[PDB]
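The data below hold one chain only, encoded as structure tokens and taken in the form deposited in one PDB entry.
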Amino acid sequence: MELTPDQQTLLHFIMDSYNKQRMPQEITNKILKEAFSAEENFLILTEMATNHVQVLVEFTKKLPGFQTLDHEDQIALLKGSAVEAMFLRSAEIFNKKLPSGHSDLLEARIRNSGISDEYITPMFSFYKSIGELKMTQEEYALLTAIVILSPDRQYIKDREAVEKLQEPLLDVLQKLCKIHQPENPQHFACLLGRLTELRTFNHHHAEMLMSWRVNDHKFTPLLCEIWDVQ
């Protein structure tokens, strides 16, 4: 029912690693500052994503038992989760309460940043759906760790070794859902269900990036490696 000393220790350690990310305000203040062109926005978002991947690798390395895993599986786990983790983080940032009309202005700037409407509509639908769950920072952090440590990922040699690392994190999250939301016994199921929804953003990701209304699609070498672009 309640968190054991080891579970409390695990949660606090995951939270410290997760808090090393760029602050939601640091991302929202840049966008909400001035009205930027599609060429400027693509450059702003490319830098944001490069930083996201950089901090994600550091967070991933800190996950208990990740260093003990086979080198090939480590790469496949990061490459297979990077996009999902970026959309989970983007959802956390968008749903952060801001002053009156600020979240609506942020939505407007992203919708008019150069991206095709075909990819925007399911993206803001997912952000608004995630928001409805009223997730805490601990749930966002644990859900990110669960996403990264998904054994049912492509090209993984030893699934069982990944299962053993994900299992305590699922147990911690399950306990937290029963604590923060005892009114809704389906809350944990909703979170896990949102992981399947996250997987849909993978297949057409490179397509969304190349269909951006910019003459030239420049990416950093790290993004090219993680997103399989250029």
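The numbering used is simple: start at 1 and walk along the sequence shown. Only the largest set of C-alpha atoms that superpose within 1.5 Å between the two forms is called the rigid core.
We do not show the form deposited in another entry, though everything after this point is about it.
Legend entry - Sole member of 27, 69, 63, 176 with a C-alpha shift of at least 2 Å between this form and the one not shown (core-superposed): Of all the options, the C-alpha that shifts by at least 2 Å belongs to 27.
Legend entry - Core-superposed C-alpha of residue 88 shifting 2 Å or more between this form and the one not shown: No; residue 88 is a residue whose C-alpha shifts by less than 2 Å between this form and the one not shown when the cores are overlaid.
Legend entry - Post core alignment: residue 106 C-alpha displaced by 2 Å or more between this form and the one not shown: Yes.
Legend entry - Large Cα move at residue 213 between this form and the one not shown, threshold 2 Å, rigid core: Yes; residue 213 is a residue whose C-alpha shifts (by 2 Å or more) between this form and the one not shown when the cores are overlaid.
Inset, instruction - Pin down for me whether the residue 129-residue 33 Cα distance shrinks or grows in the other entry relative to this form (closer or farther, change of 3 Å or more). - result: Relative to the shown form, the pair is farther apart.
Inset, instruction - Looking in the other entry, decide if the C-alpha atoms of residue 92 and residue 29 are closer or farther than in the form shown; they differ by 3 Å or more. - result: Those two alpha carbons end up farther apart in the other entry.
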